[PDB]
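Here you get one chain, nothing else, as structure tokens; it is the form deposited in one PDB entry.
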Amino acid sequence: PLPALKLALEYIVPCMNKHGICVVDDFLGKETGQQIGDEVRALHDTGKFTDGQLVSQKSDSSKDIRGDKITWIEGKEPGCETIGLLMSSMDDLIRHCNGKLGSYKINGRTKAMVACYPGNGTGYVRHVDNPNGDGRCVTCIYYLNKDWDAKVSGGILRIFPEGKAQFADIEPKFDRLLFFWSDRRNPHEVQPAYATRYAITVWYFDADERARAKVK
């Protein structure tokens, strides 16, 4: 459903409230997805990303292993127009969920974090996005890896939902949109990536949790 409204009301709200996780495929379409892919790859090739999260040292600094590289995008930067549009689509979508996602009242968003795992076997250890109540209630991730083959490239996002035995494996599939509670209900990890892996994350703020963040 293109109008975010039907998708938000008939799928996203119900899914988030029952599962705390929601997967939406073919969110923007091939044409738009590829345009974002192209903008993200230009950022990388023009050196706009960091050098990567320091994974290992071992006192010889050229034997230092670095992982995910990142860059923060506000949405208006020249050359990042399609990303700004993606961001606007996530926003319109969240706006349609107002008063429906838990008992939260979203009133803000972080800038978009574009992450690129180099594909050198690095990943992201199990973690909780917001474990100390910093205001972030919902994590939103947009994937842009065409023909991703987890069986050969790894890089699967594994979420250990609620506090129930199983976990949920989600492939960083092209044009896929993902939503999940940012707090302790969703510990998760990015398994080792053996191929270049791109994703765009945005975190939405709950009005109350954020307002008291400096005093909690």
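We number the residues from 1 along the sequence you see. Residues that one form lacks are left out of the comparison. Just so we're on the same page, rigid core means the largest C-alpha set that superposes within 1.5 Å between forms.
Relative to one another, 83-91 and 136-144 have unequal mean CA B-factors, and 83-91 is the one with the higher figure. Once the C-alpha B-factors are averaged per stretch, 45-53 and 160-168 rank with 160-168 first. Remark: residue 73 belongs to the middle third of its chain, ranked by C-alpha B-factor as recorded. Among the modelled residues of its chain, residue 184 has a C-alpha B-factor that falls in the middle third, as given in the PDB entry. Ranked by Cα temperature factor within the chain, residue 113 sits in the lowest third according to the deposited record. Among all modelled residues in this chain, the alpha-carbon of residue 123 has a temperature factor (C-alpha) in the lowest third. In the PDB entry, a CA B factor belonging to the lowest third of its chain's modelled residues is recorded for residue 130.
Unshown form deposited in another entry; subsequent notes refer to it.
Superposed on the rigid core, the two forms differ between the shown form and the other one by 2 Å or more at the C-alpha of one listed residue only; from 70, 55, 28, 159 that residue is 55.
Wider separation of the C-alpha atoms of residue 56 and residue 117, by 3 angstroms or more, is seen in that other deposited form than in the present form. If you compare C-alpha positions, residue 56 and residue 191 are 3 angstroms or more farther apart in that other deposited form than in the form on display. Taking the core as reference, several blocks of three or more adjacent residues between the shown form and the other one have all their Cα positions offset by 2 Å or more: 51-67, 163-166, 214-216.
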